[PDB]
Structures are given as C-alpha cells and as structure tokens.
C-alpha cells in the first residue's frame, strides 16, 4: 500500500485520503474492489450524516411549454449549494422531474438515492431532495431570485413579460392566496371569533368590536392575496388592478424559499468555543473557513486554550500572543460573510483555512478559497487538522500539495503558504507535542499576516464638516483628522465636489489651545491661507497634495438592509436613485445593475456601478451609506474607481 496508489484511488473516487488507504487495505492492492467496497460503504456514510440539520441549498425551476416544475434540494452550507457537483445533481433531478412529469417527491428521491448517497459520500454534507411541485396554465412564467427563491406563475390572457413581472412580485411579496375570497373561509372565522374576543373586552359595544374586527379582517385578507397586494413595480396600484388593465387572470402560483419551515437553529460560535474549552499593541482580525466537520470550532478552542496557558489571555473570540491582540470569527456562510464585510461588522486581515488531513480538500474547498479571493483577503494560512489520525507522513504531503495547488489556482501564493500540521483534539487534551503546533500556528499569524496600517501613518486627511470666515484671521475648516498629521506651514489640497484647490495650513486649533499640528483622531479647526469661505463646502476633504483623487464613477459591493433592519420593505429596479453618504454629506447618484439582475430585494448583497452627480474624494475600500431622506437603507464599499 504505497502513497502513490492511494493517490490513484483518490482521483478516481473523490473519497477522503484515509478512506482510500483503508479500502485499499481490506481489498489488498486491488483498486477495482476498493472502488466497490467504498461505493458499497457509501450508504452508511450517508446514513451517518442524515442526522445533520440541512437548511441551505437551492430552488430550481424549469418550464417546458405549459408544464413547469419547481424543486428544492437541501444541504448544510451555501458553500456546497454553490458547488458544481451539487448543482449538477440538482439540475439532473430537476430535468428528470420535468421529463417524466414526476410530482411525487418519493419517486424522485428513490430514483436518485444512489447518486445522493454517492454525492454525500464525497461532499460530506447531508444532502436531500426535499419537495417538488408542478404547475400548468395557458401561459407559464418563472423567476429565480438567486438560488434562494423560486417562483412559478400560471396565467391567462397575459403575455410572457406580464407573467414574469407577476412572478417577480410573488417572490417579493409572498402572497398566500390569489384572491381575498380564496382564503380558506373557515380558517378566518375562527380568527374572527378569536379577534372579537380581544376587542370586546374594553366593554366596547358589541357592534363596535365586530365592526372593527370585520374591517381589520378585510385588509388582512387583502395583503395576503395577490389581487390585494400593491404591485411591486407600481405600488400605487394592486396586482388586481394591473390584471384588469390587461384583461388577464392568474391561474395559480408556487413560491419556494430554501429552508422555509425548517427550524432555523442559530449558532453561538463564541460560546461553543468556550464550552469546548472548559471540559478540556496591534489589533489583528482573523477568521476560520472550511468544512463543517473539519474542526474549526475545535481548533479555535485549542487556540484560546493554548495561548492563554502560554501567554495569559459579531459572535467572536479573542486571544493574545506576546506581540498581538487577535479577534477571531467563523465564516460558515458565504453570503453572510460578504454582508458582514460590506457593513463593516467584520473584516479579516487574514484567514485560517481548516482542512482535515484525514480527508484532504473537499469539493467545496475551492468555494471556501474563492470567498477569500472575492472579498480580497490578503493572506491565507492553512491548518491541517486531525494529523494524529494519519499514519503515513507521505499522505500528509499528498494533502499539503493538493491544498497548495488549489490556492495557486485562485492566485494565492500556494507554494509560499504556511501550512501547519496539527491536531486540535490532541492539543485540547494537553499533549505538548501537539500544543506546539498551535503555538506554531500563532507564530504564523504573528509573522505571515502584516500588521494593518495605522491611521497616523497614512497621508493626512480631514473630512470637512463646516467652513467659517473669522474676521481678522481668515478661513477655518472644522472636522476630525481621519488620518495622518497636519502641521502649520504645510500645503494642503481641498478635494471633491468642486475643482481641486490648493492652500496652506496657517494654524491648527482646539477650543482650549492653539497647536502646531493636528493628528489622526483629533477634533480641530484648521486655518487656511488665502482661500475664501464660499470656495469650500462640507463634503470636501483636506488632504496632503496628490494623496487622494476625486471620482464620479465606481464599482461597489453593496448590502441592502432588510425591513427588520429598518430599511426598505419593497424592492427596487434599474433606475434606483438614492443618496450616497460619503464621510460628511449625501451625494445623489444613479446605479447600473449587473448583467441579468433586474430586481433588488431588501436584505440582498449586490454589486453596483455607481455614478455620482459630482465628484467625491475616494479610493478603494471607502465605505459609504445608502440613504432615502436621511434614513439609512443600505451600505457599500468602493471596490474599484472608474470613469
């Protein structure tokens, strides 16, 4: 049983490293029997994962003429939902449902159970076909809002685009029924006999409560039915009114949303770490990413434990080395991390990719790495976990190399990536040989991730909040020094909104003292030579000359608040025109949506190309808010400067 042979069975199988070593053992060096043994042992592997909650996955729709299918397939993480192999499975299932008009979920399940088991075998998450449904009508339309929401709509006397718009509406407004009358009339007469008790306790006349409940029940029934809902593309009119205008009729509709009605058992990363932990200067932000079973949480508890033991001391964890303070988050979800990054709730300086050496990279491991690329994480360090459960050291080298090449495929320095070979379990138990690996990993955090740049070390910048003309002295701007240092006698530029102007700092001032300089963090008045008050305005910045430029057009990564986060409750579309808040002021802009995106819902992550009415000092990384009349409804990060 050579490492070379195990490798052979690996790329033929996709099964974990040790699974191959083992199966190549009880089958002798016979690769073919090994294939069969593992393929046979798949059933139990899938059976073991079967207890795992799986609330992620995809919705799929497909229309062929007047017959349409909508399908849900689940998994554990959105990383796996994005994976090509998972996607292939679901598309295959979907295609089979359409071709054989299969609407019985059990026939569907039973027909793909072998592939499912084989897919769970190599992906390592509990994957399941959940539900499947079909819809027919004169005209069929569909809308996918990413992977999460699928809609089928059947109509009559309506054209293709009308149906598409209705589907988009259904996706956003979730009607339960078509028309108010359709509401299970017996399910609301109990709620009307429940409601009028509530009302009739004030001692308020019989007639009053009944009459009020009746009126309440009427609009409650309106909002839950298509017909009664404000059309999302024109809220001043209901979908019912829209339909009459087109002499059309909605026949039926189906809305699936991934995970609908499945528990939703949230996780407390920090506490799970502390729990696990018990039974057993520069500030740097890091995060763990990797497969659900590969011990990210165990590793984190081992890190906190060993570092505390050795050095003494947004659900996050904290730990210190002699030279650094670390904040540590987990990255279980792609969309979730992207959103945290955009809003500034989270921001990695480095990532720790956790791979169990017992398996080696999973298929979704590229998705884990691709996330790093997408949010532009500068550095990735690898922790190879469960190394105590691996006998042959040359197999460890096999895994190492697989990881390095994956990293290089996505433009990380695979060949120069620090890779620690450790054991979170063994270190957490107290075996010193393994604790040494934890310390080694912390050594790499210290050495491989550069200390992020301090504001005081950046070129001078002060966002201008107000401008004054002091008789007998001259012009003064006020603000908080955002970065760098401004000294009396130095030249400055006034950047943004207007043509750039130049001036000279003739003084720096606080309420109690005149100063020679202003430094990052400090609130000050900066006196300027020559320039007049009416030549400056809020929204411009003071900067060291040449260090920042004004721009009108940029690419951005944007998060749109959900209703509950106090943002919008309706979607917007192509010509959305809100205010963009940069540092001290709102600026009006227009957006271009990405190719193929037509609707944006509250709670969405989305990239937009923004064009501002006038220029604004900015560079890559500048965060901004999106506003409607002073109310914040979104947040953005400038990703690339354009025109």
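Positions refer to the first chain, counted from 1.
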property	result
Chain break class for residue 313 to residue 314, judged by how many deposited residues have no coordinates	10 or more
Extent of unmodelled deposited sequence, residue 281 relative to residue 280	10 or more
Mean C-alpha temperature factor, higher of 230-238 and 133-141	133-141
Segment of higher mean CA temperature factor, 45-53 or 65-73	45-53
Most elevated Cα B-factor in the entry, residues 327, 441, 289, 158	158
Residue with highest C-alpha B-factor in the PDB entry, from 275, 477, 456, 381	275
Ranked C-alpha temperature factor of residue 594 among modelled chain residues, by third	middle
Residue 542 by Cα B-factor - lowest, middle or highest third of the modelled chain	lowest
Ranked C-alpha temperature factor of residue 522 among modelled chain residues, by third	lowest
Residue 534 - Cα temperature factor, lowest/middle/highest third of chain	middle
Position of residue 402 among the chain's modelled residues by C-alpha B-factor, lowest, middle or highest third	middle
